[PDB]
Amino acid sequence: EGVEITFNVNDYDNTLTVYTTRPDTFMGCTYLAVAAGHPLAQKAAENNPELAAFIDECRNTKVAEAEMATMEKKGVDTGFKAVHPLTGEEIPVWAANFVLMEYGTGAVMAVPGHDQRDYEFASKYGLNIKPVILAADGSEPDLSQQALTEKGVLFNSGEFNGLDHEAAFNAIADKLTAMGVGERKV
């Protein structure tokens, strides 16, 4: 059980769609990551040689999911901005070597405040790291050095503040659904 979530992207005729099993952190989404082989990444490749090079470098490295906690994570800013549906604010779309086309939409929403892979990528590239879950003693999480990986009560999540994990999961899934922008999967 998770959700597909659809973002519009400024100056791009298609949409971006992401799967996650953690809609509860969705207010903490500070950027999107697409596979090198993804249509948006290659529409952008057209006016970007750094990305052309990166895409070719990736086409060589057969990155396997199980080998990923090991590999140097790498990526490039596509230039495209996506609009966060709940928030209204623009977030960068990056191409990343750790996102694949084979399984999934070839795109992922990232919450570096609460997923460690996400935290390492954002640390390395200067992307925003947003706390939305509280530590288990109900303090603000320490995000000076690593991601707070625990499930917990949301904060700094607007209308969703105060909700525990299961309540957040449903309240944010239901909202994205009522906005016709999200879909539960079984």
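We number the residues from 1 along the sequence you see.
In this entry, 40 to 48 has the higher mean Cα B-factor, the comparison being between 129 to 137 and 40 to 48. In this entry, 61 to 69 has the higher mean Cα B-factor, the comparison being between 154 to 162 and 61 to 69. The PDB entry assigns the greatest CA B-factor among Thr177, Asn10, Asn170, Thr21 to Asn10. Residue-level temperature factors show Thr30 in the lowest third of its chain, judged at the C-alpha atom.
For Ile5, the recorded CA temperature factor ranks within the lowest third of the chain's modelled residues. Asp142: CA B factor lies in the middle third for its chain, per the PDB record.
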